[PDB]
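K.L.:
One structure follows; several queries about it will come next.
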Number of protein chains: 2
Amino acid sequence: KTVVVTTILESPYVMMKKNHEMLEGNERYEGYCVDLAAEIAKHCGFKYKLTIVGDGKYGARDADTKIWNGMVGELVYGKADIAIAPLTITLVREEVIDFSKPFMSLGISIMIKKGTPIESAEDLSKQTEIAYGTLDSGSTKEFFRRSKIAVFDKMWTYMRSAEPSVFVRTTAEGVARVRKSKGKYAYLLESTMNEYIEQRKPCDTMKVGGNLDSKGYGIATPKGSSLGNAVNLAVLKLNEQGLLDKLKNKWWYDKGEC
Amino acid sequence: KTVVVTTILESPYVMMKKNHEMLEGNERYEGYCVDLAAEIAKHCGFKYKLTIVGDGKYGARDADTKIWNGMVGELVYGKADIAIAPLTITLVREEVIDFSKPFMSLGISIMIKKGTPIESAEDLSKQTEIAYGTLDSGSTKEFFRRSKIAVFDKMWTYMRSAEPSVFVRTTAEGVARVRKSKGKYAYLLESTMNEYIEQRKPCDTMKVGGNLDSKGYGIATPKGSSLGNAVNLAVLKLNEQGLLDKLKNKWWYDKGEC
Ligand SMILES: N[C@@H](Cn1cc([N+](=O)[O-])c(=O)[nH]c1=O)C(=O)O
Ligand SMILES: N[C@@H](Cn1cc([N+](=O)[O-])c(=O)[nH]c1=O)C(=O)O
Ligand SMILES: [Zn+2]
Ligand SMILES: [Zn+2]
Ligand SMILES: [Zn+2]
């Protein structure tokens, strides 16, 4: 009866409260997705427990073992009832789990250390001085692997063969590498996260250019789950009553340090 | 079985071609949604007929009789098998029809005659010299009817009681009203249509401000349609292959005149 919610530690969606040691259950966490979970739970009339995905991944199918990892895996193998996180709606995932309508729009975007002479993906592709990479597991990497658009395939060819690895294990690892590399590393990441990091100290990064693509984050449930329909109606309700915009502002711009 | 597709005359989604005489059937029409129809038809593998919704409406539910009109009505009562149109995904609709994931994102925006002293919704609401309204039936009018945000309810209050009616039966009628009102009428409408008009001769209007909200267009099917799942996976496939971005560029900005 208590609904197990799988999610991921990724600011500002889900963060440990300063003092989580003294708190328990859901109280240990805070963020956009924590607020959204409370709201969905409330408008669906269920009680829930938040849990952080064990392997810290979003969800991909291993080619060899054909096994699903990450949050998607937790839903597929029945370890969780619902996932509320910055989880991208994709065709390959839609084939094994259900998604609500998107609660947030976004696209792949470019993060640079301020001053870097890059204005676009095309710019990145036509040069080698400035290295670039992505979160080495998720829909961003997958976007580039699969793309048939020339500029993106050109970038993918570079990135897959670059040594040392241009790929990073976490978003933070990616930001730090931008910040620390005197403008010789650029980072391709989802626009929402780019915009968030842009308003954080030391305020030395920026988003350049437009998004390379358009997609959305959705709340996921196991196929044929009994929560799917209600959860979906809830996201639509909360979007129309302005909540989702409220929450974006609270966690992005009301907190802005720049 | 040939699939009856319901849609609506709205540029650049569905428009009559210049030479539609001597053309027959699906060939009389061109537009973003026409190309969209064809591609979905190839990827779910069916044959279809394009038909323009008889009453020229998007879809709303008569409070009195509780009957659905517009394209939504045609799905609900079994007159059409699928709507492919700039149809907004909303809560009241998702309760009686099925939507695919969004094929396009957008928001309510303001259109002015060039030179009009308005920069935002607040500006509209704080004055009376300049009249304003919406498509008198659709998701936009409903957004204002329902809004609790002070500025939008302030506008709504004015709008509902305005004389003469500031509402219009078609986008075309709204734009003509802006163009001929010498700047005394501003028009609230979806960002996609606003962006398109701004790039067309006589090039005398402009989109001012940001979007007042965020949402999507989806393809709709009757609840429990066999087509439901297939079309959904098709929209995700097209978005990921970059086709949708291709169509948007072809129809919006390769067609610019200003
Ligand atoms: N949303 C993604 C995971 N994911 C996250 C980030 N990020 O945290 O900004 C990214 O830059 N790229 C990516 O694929 C998923 O669903 O795979
Ligand atoms: N997409 C809407 C209908 N609809 C369309 C336009 N338009 O064509 O830009 C508008 O300005 N307002 C509106 O409610 C829905 O489906 O009701
Ligand atoms: Zn800690
Ligand atoms: Zn609530
Ligand atoms: Zn195709």
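Counting starts with 1 at the first residue shown.
Looking at the header, which is where the method is noted, we find X-ray crystallography, 2.1 Å.
Using the three backbone atoms N, Cα and C, a Cβ is placed for every residue, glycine included.
Got these off Swiss-Prot a minute ago, pasting:
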SITE      B:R61  site 'Interaction with the cone snail toxin Con-ikot-ikot'
BINDING   B:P86, B:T88, B:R93, B:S139, B:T140, B:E190  L-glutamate binding site
SITE      B:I118  site 'Crucial to convey clamshell closure to channel opening'
SITE      B:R145  site 'Interaction with the cone snail toxin Con-ikot-ikot'
MOD_RES   B:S147  phosphoserine
MOD_RES   B:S181  phosphoserine
DISULFID  B:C203-B:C258  disulfide bond
SITE      B:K237  site 'Interaction with the cone snail toxin Con-ikot-ikot'
K.L.:
Please identify which of B:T88, B:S139, B:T140, B:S147 has the densest Cβ environment, defined as other Cβ atoms within 10 Å, among these recorded positions.
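P.N.:
Selected residue: B:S139.
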K.L.:
Starting from the Cβ of B:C203 (disulfide bond), draw a 10 Å sphere and report how many other Cβ atoms land inside it.
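P.N.:
I count 13 other Cβ atoms within 10 Å of it.
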K.L.:
For chain A, give the subset of the recorded positions B:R61, B:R93, B:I118, B:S181, B:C203, B:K237 whose C-beta is less than 8 angstroms from one of that chain's C-beta atoms, in sequence order, otherwise 'none'.
P.N.:
B:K237
K.L.:
Other than its own, how many Cβ atoms are within 10 Å of the Cβ belonging to B:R145 (site 'Interaction with the cone snail toxin Con-ikot-ikot')?
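P.N.:
A count of 13.
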K.L.:
Let me spell it out: for each of the recorded positions (B:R61, B:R93, B:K237), count the other Cβ atoms within 10 Å of that residue's Cβ, using every protein chain shown. Which one has the most?
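P.N.:
Per the Cβ count, the most surrounded site is B:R93.
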K.L.:
Restricting the comparison to the recorded positions B:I118, B:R145, B:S181, B:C203, which residue's C-alpha is spatially nearest the C-alpha of B:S139 (L-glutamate binding site)?
P.N.:
B:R145
K.L.:
Helix, strand or coil at B:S181 (phosphoserine), per DSSP?
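P.N.:
The residue in question, B:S181 (phosphoserine), is coil (DSSP, three-state).
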K.L.:
Three states by DSSP: which one describes B:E190 (L-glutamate binding site)?
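P.N.:
In three-state terms, B:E190 (L-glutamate binding site) counts as strand.
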K.L.:
Select the closest residue to B:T88 (L-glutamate binding site) from the following recorded positions, measuring between CA atoms: B:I118, B:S147, B:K237, B:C258.
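P.N.:
Comparing Cα positions, the candidate nearest B:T88 (L-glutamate binding site) turns out to be B:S147.
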